[PDB]
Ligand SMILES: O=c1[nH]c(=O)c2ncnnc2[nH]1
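Next up: just one chain, as structure tokens, the form deposited without the named molecule.
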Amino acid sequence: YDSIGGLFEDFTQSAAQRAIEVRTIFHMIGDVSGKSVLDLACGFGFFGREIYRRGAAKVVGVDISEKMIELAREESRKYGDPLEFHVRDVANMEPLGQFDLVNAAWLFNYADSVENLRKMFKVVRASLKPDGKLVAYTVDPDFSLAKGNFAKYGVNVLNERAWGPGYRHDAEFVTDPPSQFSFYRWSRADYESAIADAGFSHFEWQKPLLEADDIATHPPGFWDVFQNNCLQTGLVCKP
């Protein structure tokens, strides 16, 4: 993402899927008043920064990209918030403390192997207080490119091929110009194995919160592919 940078924020302000994603993540999070929060794969800090604005006591953001962390620190310096950011690979992260809430919007689909998916979940568990929770947003294991591309919602999925036990997708954000990236679609069974083996005794998959107002304000059938072949899913896990 050192080549995307600010083009990711142009995607968040233009993709039809982003309002749904934001609504779903904050639904899963609930009240953040007074909580300590770790925002993993934080990008320029969108979720952590908004979590602080909504009442969190302390927010720490982590991203593997130096460029994104530079933009994240700029936005904090610009808006004058107290977020602290770290450049780290979450799969190989030096311990950073324990938090009420770990938010991971678009972390796990960048695990490039099932081993690294498992490592990431164990790092999340090690980053949680006993009564804390993980809120995540990732690729729905059930997405199939043949059932409909996601370009009209903001992500042009270019291809799909097997990648060990999962699939690899190359893609681009529908921006100007498009910004290319690749991500991984691991199976539901491999996610659930990684969750259980990391010590999360509770999990639940969360369907994106497409609402009646969204259907009413868009052309008929606009959301059909979103409903029948959703690229995205929420996930909540608790120790």
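In case it trips you up, residue 1 is the first one in the sequence shown, and so on.
The next section is about a form of this same protein that is not shown, the form solved in complex with the named molecule.
> Using a 4.5 Å cut on heavy atoms, which of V135, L117, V155, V123 is close to the named molecule in the entry with it bound?
Contact with the named molecule in the entry with it bound is made by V155 alone.
> Would you kindly say which of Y191, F173, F200, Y52 lies with a heavy atom within 4.5 Å of the named molecule in the entry with it bound?
Checking each option against the named molecule in the entry with it bound, the one that comes within 4.5 Å is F173.
> 94-102, 125-133, 75-83, 108-116: which one contacts the named molecule in the entry with it bound at 4.5 Å, heavy atom to heavy atom?
In the other structure, the partner sits against 108-116.
> Looking at the partner-bound form in the entry with it bound, is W205 within 4.5 Å of the named molecule by any heavy atom?
Judged by the heavy-atom cut-off of 4.5 Å, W205 is well away from the named molecule in the entry with it bound.
> Looking in the entry with it bound, any heavy atom of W223 within 4.5 Å of the named molecule?
Taking the distances in the entry with it bound, the answer for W223 is no, it never comes within 4.5 Å of the named molecule.
> Does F26 reach the named molecule in the entry with it bound, with heavy atoms at most 4.5 Å apart?
Answer no; every heavy atom of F26 is more than 4.5 Å from the named molecule in the entry with it bound.
> Find out whether any non-hydrogen atom of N229 is located within 4.5 angstroms of the named molecule in the entry with it bound, and reply yes or no.
No - in the entry with it bound, heavy atoms of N229 and the named molecule never come within 4.5 Å of each other.
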